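In: Following this: a sequence and the matching experimental structure.
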Amino acid sequence: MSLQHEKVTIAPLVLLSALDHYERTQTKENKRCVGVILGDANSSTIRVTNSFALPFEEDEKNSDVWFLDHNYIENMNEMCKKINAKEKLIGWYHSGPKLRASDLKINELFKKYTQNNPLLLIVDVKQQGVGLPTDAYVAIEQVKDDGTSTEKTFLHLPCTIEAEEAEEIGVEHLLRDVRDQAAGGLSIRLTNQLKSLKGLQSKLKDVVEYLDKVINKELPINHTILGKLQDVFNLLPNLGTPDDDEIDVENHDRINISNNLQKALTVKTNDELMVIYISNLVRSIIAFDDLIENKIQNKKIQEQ
Amino acid sequence: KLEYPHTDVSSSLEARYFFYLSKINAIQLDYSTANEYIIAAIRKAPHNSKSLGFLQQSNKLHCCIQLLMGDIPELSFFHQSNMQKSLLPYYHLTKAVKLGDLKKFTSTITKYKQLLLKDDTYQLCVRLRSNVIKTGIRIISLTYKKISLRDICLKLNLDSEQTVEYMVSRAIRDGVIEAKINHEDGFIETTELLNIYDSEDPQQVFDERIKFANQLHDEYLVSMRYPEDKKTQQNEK
């Protein structure tokens, strides 16, 4: 086991299969697809190569009643290693459509197999967000007192992608899109800035509603959670101070440069104008030669 | 009324148009908007000898309009013209304002009065008297942070202690001197911050400069195509 995993990058193919698998097993809500996750780990970069389905039946009358095909897993692990050896058991996906408190009973079964802590990929399968609907959680074990002595909990890690030559081009090939998660050109970064503001408002409601539910729908007072919230307010900017003033001076510098840079562009655009009128100048001499040839051609027409 | 179009109008008609605009605003006490037009009107007019007369008219007007707004027009522009002899009384107006000397401005407008009346700059000159005085006291405020209003009276040869107060008092309503008068500590003390780099002002300047620049980029783009289209219609290889 290792807790050294700071990012998870997931191939397009892993996402696409697990999602694809949900309707190939023809499961609907409250029945689960789970599959084996194969890839690299023991490193900071997790690189998620492939995945394959398992059968999974969930009974939720008792969360101690579960179906898992044990034998299937061992068999399949060995065959995959003969195509490519870099495939190891690095976890299992859960098909969502939300997190539970119940995913921890299941996680224990996968610690058994592995030499890293199993990655629990909650792939939300109706697909909500203008971002990815894929969460990564790795079970981390640390001594902590919040009413417990030793806690196993799941820490979120970022989900992003990485792709091969072949795989990237195959994505692009499906897509008729030019992307907009890129943050390349001016146009693209404009779109992004507005998406960022909308991302921020929606999360703030989720924080605002959570707090209404303690105090009026009576969940318990969780010191540890609030504690974290408190610091948000403590590390706020405060204006009407010289700090606010340094910003004003900053604005001036950048907008000056935009003007001076723009004035360069006023020469560029204007210079070109003269060059076209040169091309128009040349085209009239050429058209004159044509007009002479065509004078002669008309006499032939009369003649014949 | 608003119906003055820009759609196909000749450059002769626009040029005259802007000259009139400059005159109309200045007599009714707006100077801000008269600047833009008096400059525009020189630019649309061409710079020939048969047109020189029109340029002499514009150049005389450019002195009044500019000065009343409270910016001194180029000494240089009138110096290095051929029109220098026509704008000889007018050079002498600009120098009077610059130095702040009342006596000088009064002397000028007496001697050349017959010329000034024809061009219809003279009515504007009665108002330009006001500009001379503010400059004389403006000068004293920049040099001298603390000087007793007693000393200010001697220097510009004003009548009493009450006189000196009321010019300076109006100057600061419009903010031109920008000072504070102390009558119970017996001096005028300048309150000049005199920095504009740690103001939100540069933002406001750069906006004009950028909008003008983009304006021209579009004007290059639109114009460029039309001859290209015509040569294409005509037969050529």
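Out: Thanks, I have it. Numbers count the residues shown, from 1 in each chain, chains lettered A, B, ... in the order given.
In: Quick one: list the elements packing against the helix or strand hosting residue B:132.
Out: Using DSSP states H and E, residue B:132 sits in helix B:122-143. Applying 3 or more CB pairs under 8 Å, 6 or more residues apart in numbering or on different chains; DSSP states H and E, one finds that helix B:122-143 contacts helix B:11-27, helix B:52-69, helix B:88-99, helix B:102-111, helix B:113-119, helix B:149-156, helix B:161-173, strand B:187-190. Heads up, the C-betas are built off the backbone N, CA and C, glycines and all.
In: In chain A, which residue sits nearest chain B?
Out: residue A:287 (3.9 Å; CB to the nearest CB).
In: now the closest residue to that residue other than its chain neighbours, what's its secondary structure?
Out: Nearest non-adjacent residue to residue A:287, counting by CB to CB, 6 or more residues apart in numbering or on different chains: residue B:236, 3.9 Å away. Following DSSP: H, G, I helix; E, B strand; the rest coil, residue B:236 is assigned to coil.
In: list the contacts for residue 18?
Out: All of this is about chain A. A:33, A:35, A:51, A:93, A:95, A:121, A:123 (CB atoms under 8 Å, 6 or more residues apart in numbering or on different chains).
In: Oops, wrong one, chain B.
Out: Contacts of residue B:18 by CB under 8 Å, 6+ apart are B:37, B:38, B:40, B:41, B:44.
In: Swap in 6 Å and give it another go.
Out: By CB atoms under 6 Å, 6 or more residues apart in numbering or on different chains, residue B:18 lies in contact with B:37, B:40, B:41.
In: Name the residues of chain B found near chain A, please.
Out: B:202, B:206, B:209-210, B:213, B:216-217, B:220, B:224, B:227, B:231, B:234-236 (CB under 6 Å from any CB of the partner chain).
In: Mind jotting down where the helices sit in chain A?
Out: A:12-24, A:70-83, A:103-111, A:165-174, A:186-215, A:223-234, A:242-303 (DSSP state H).
In: Distance to residue B:154 for those helices - can I get that in CSV?
Out: CSV is the format used below for the helices of chain A (distance: least, CB to CB, whole Å):
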stretch, distance to residue B:154
helix A:12-24, 88
helix A:70-83, 103
helix A:103-111, 93
helix A:165-174, 85
helix A:186-215, 63
helix A:223-234, 63
helix A:242-303, 43
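In: Nearest to residue B:155, out of those?
Out: helix A:242-303 (38.8 Å; CB to CB).
In: would you turn the contacts of residue A:18 into JSON lines with distance to chain B?
Out: Output for these, formatted as JSON lines (distance: CB to the nearest CB, whole Å):
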{"residue": "A:33", "distance to chain B": "55"}
{"residue": "A:35", "distance to chain B": "55"}
{"residue": "A:51", "distance to chain B": "52"}
{"residue": "A:93", "distance to chain B": "51"}
{"residue": "A:95", "distance to chain B": "52"}
{"residue": "A:121", "distance to chain B": "49"}
{"residue": "A:123", "distance to chain B": "47"}
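In: Quick check: of these, which has the highest neighbour count?
Out: Neighbour counts for the contacts of residue A:18 (other CB atoms under 10 Å in any protein chain shown) peak at residue A:93, which has 30 neighbours.
In: who's in contact with stretch A:216-223?
Out: By CB under 6 Å, 6+ apart, stretch A:216-223 touches residue A:213.
In: ok now it, how far from the chain's centre?
Out: On the basis of CA atoms, centre = their mean, to the nearest Å, stretch A:216-223 sits 33 Å off its chain's mean C-alpha point.
In: Send me it as CSV with only the CA atoms.
Out: Provided in CSV are the C-alpha atoms of stretch A:216-223 (Å, rounded to 0.1, in the frame of the first residue of the first chain):
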residue,chain,number,x,y,z
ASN,A,216,-33.0,24.0,11.0
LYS,A,217,-33.2,20.3,9.7
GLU,A,218,-30.9,19.2,12.6
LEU,A,219,-27.7,17.3,11.6
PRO,A,220,-25.0,17.4,14.2
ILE,A,221,-22.5,20.2,14.8
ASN,A,222,-19.2,18.9,13.1
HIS,A,223,-16.5,21.0,14.5
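In: Give me every residue in chain A lying close to chain B.
Out: A:252, A:255, A:259, A:262, A:266, A:269-270, A:273, A:276, A:280, A:283, A:286-287, A:290.
In: Once you drop chain neighbours, what's closest to residue A:73?
Out: Residue A:73's closest residue in space is residue A:36 (CB to CB, 6+ apart), at 6.0 Å.
In: Same list (the contacts of residue B:18) but as JSON lines, adding distance to residue B:146, secondary structure and neighbour count.
Out: Listed next are the contacts of residue B:18 as JSON lines, based on distance: CB to CB, whole Å; DSSP: H, G, I helix; E, B strand; the rest coil; neighbours: other CB atoms under 10 Å in any protein chain shown:
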{"residue": "B:37", "distance to residue B:146": "42", "secondary structure": "helix", "neighbour count": "19"}
{"residue": "B:40", "distance to residue B:146": "44", "secondary structure": "helix", "neighbour count": "17"}
{"residue": "B:41", "distance to residue B:146": "45", "secondary structure": "helix", "neighbour count": "24"}
